[PDB]
Amino acid sequence: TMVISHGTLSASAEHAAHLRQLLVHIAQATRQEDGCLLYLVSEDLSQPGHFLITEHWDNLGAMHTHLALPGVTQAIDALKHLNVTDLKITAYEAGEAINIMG
Amino acid sequence: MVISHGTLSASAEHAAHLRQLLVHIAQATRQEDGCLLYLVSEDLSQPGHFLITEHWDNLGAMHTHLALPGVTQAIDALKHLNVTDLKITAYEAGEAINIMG
Numbered sequence: 017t018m019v020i021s022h023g024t025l026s027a028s029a030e031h032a033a034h035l036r037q038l039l040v041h042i043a044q045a046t047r048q049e050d051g052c053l054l055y056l057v058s059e060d061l062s063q064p065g066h067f068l069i070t071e072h073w074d075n076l077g078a079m080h081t082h083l084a085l086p087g088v089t090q091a092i093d094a095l096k097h098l099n100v101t102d103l104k105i106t107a108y109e110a111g112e113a114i115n116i117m118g
Numbered sequence: 018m019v020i021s022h023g024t025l026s027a028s029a030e031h032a033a034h035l036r037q038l039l040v041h042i043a044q045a046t047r048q049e050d051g052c053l054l055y056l057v058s059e060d061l062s063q064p065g066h067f068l069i070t071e072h073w074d075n076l077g078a079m080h081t082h083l084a085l086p087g088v089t090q091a092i093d094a095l096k097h098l099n100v101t102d103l104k105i106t107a108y109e110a111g112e113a114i115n116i117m118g
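Below, the structure is given as structure tokens:
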């Protein structure tokens with residue numbers, strides 16, 4: 017069963033540029049991983065400096081493998097240094113795709 | 018709940034109008050019955066590419082939204098901003114799995 021992850025986090029004006037760079041780097045690496053079907057990092061049009069992490073994993077096991085990687089630990093550590101303290105990620109098992117448009 | 022994941026993009030000529038449209042639709046949609054979340058965002062890895070992230074309490078509430086005249090109008094608006102790549106996929110979501118934070 018495919019799994020969808022939704023994450024949000026924000027940075028102060030002072031650290032936003034650094035966070036964007038970090039997020040783009042994390043996305044480039046993660047997309048290469050086993051079971052990673054989608055990994056997008058984006059910025060809220062309604063709130064500058066507020067970001068979203070959107071992920072689709074083939075299964076829970078693949079996601080767990082990702083979460084345990086040293087690169088993930090390193091990324092979390094980097095956030096501490098950017099005083100990014102509000103990262104929250106929640107995942108959900110997904111049913112079959114419902115094609116709404118396109 | 019039902020999660021919707023939508024993607025679309027625009028040329029630089031039209032992107033400012035697309036951003037304003039997206040913000041407008043999000044502000045409106047958040048007030049609708051059963052709308053738990055409605056975020057519009059821009060891909061950091063790909064300027065001009067947008068994501069529409071929606072969480073609906075139930076499938077019927079999402080259907081009601083999709084049927085609104087305002088939605089039909091927004092879709093027509095996209096056409097005239099030369100957006101040709103709109104894709105929306107929804108999924109019924111299971112129970113929350115806390116990952117971190």
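So the sequence lines, in the order shown, correspond to chains A and B. Here the entry's author numbering is used: the first residue of the first sequence is 17, the next is one more, and so on. Here the entry's author numbering is used: the first residue of the second sequence is 18, the next is one more, and so on. Think of the CB as a built atom: it goes at the ideal place given N, C-alpha and C, for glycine as much as any other residue.
- Distance from the CA of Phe67(B) to the CA of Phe67(A), rounded to the nearest whole angstrom, comes to 13 Å.
- Nearest to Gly118(A) by C-alpha distance, out of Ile114(B), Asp60(B), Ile92(B), is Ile92(B).
- Listed in chain order, the non-local C-beta contacts of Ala84(A) below 7 Å within the same chain number zero, local neighbours out to five positions each way being set aside.
- In the structure shown, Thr70(A) falls within a strand segment according to DSSP collapsed to helix, strand and coil.
- The alpha-carbon separation between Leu98(B) and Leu38(B) amounts to approximately 10 Å.
- Around the Cβ of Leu61(A), a 10 Å sphere holds 16 or more other Cβ atoms; the residue is buried.
- By DSSP's assignment, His22(A) forms a beta bridge with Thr70(A), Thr106(A).
- Taking CB atoms only, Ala113(B) has a neighbour in chain A less than 8 Å away.
- If you check each beta-carbon in the region 55 to 67 of chain A against every beta-carbon of chain B, the ones closer than 7 Å belong to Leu56, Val57, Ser58, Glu59, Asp60, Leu61, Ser62.
- Residues of chain A with a Cβ closer than 7 Å to the Cβ of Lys104(B) are, in chain order, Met117, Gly118.
- Annotated three-state conformation of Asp93(A) is helix, per DSSP.
- Neighbours of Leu83(A) in chain B, taken as residues whose beta carbon is under 9 Å from its own, are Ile116, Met117 in chain order.
- Between the region 22 to 38 of chain A and the region 100 to 114 of chain A, the count of Cβ pairs shorter than 8 Å is three or higher; the stretches touch.
- Within chain B, no C-beta atom comes less than 9 Å from the C-beta of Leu53(A); the nearest is roughly 11 Å away.
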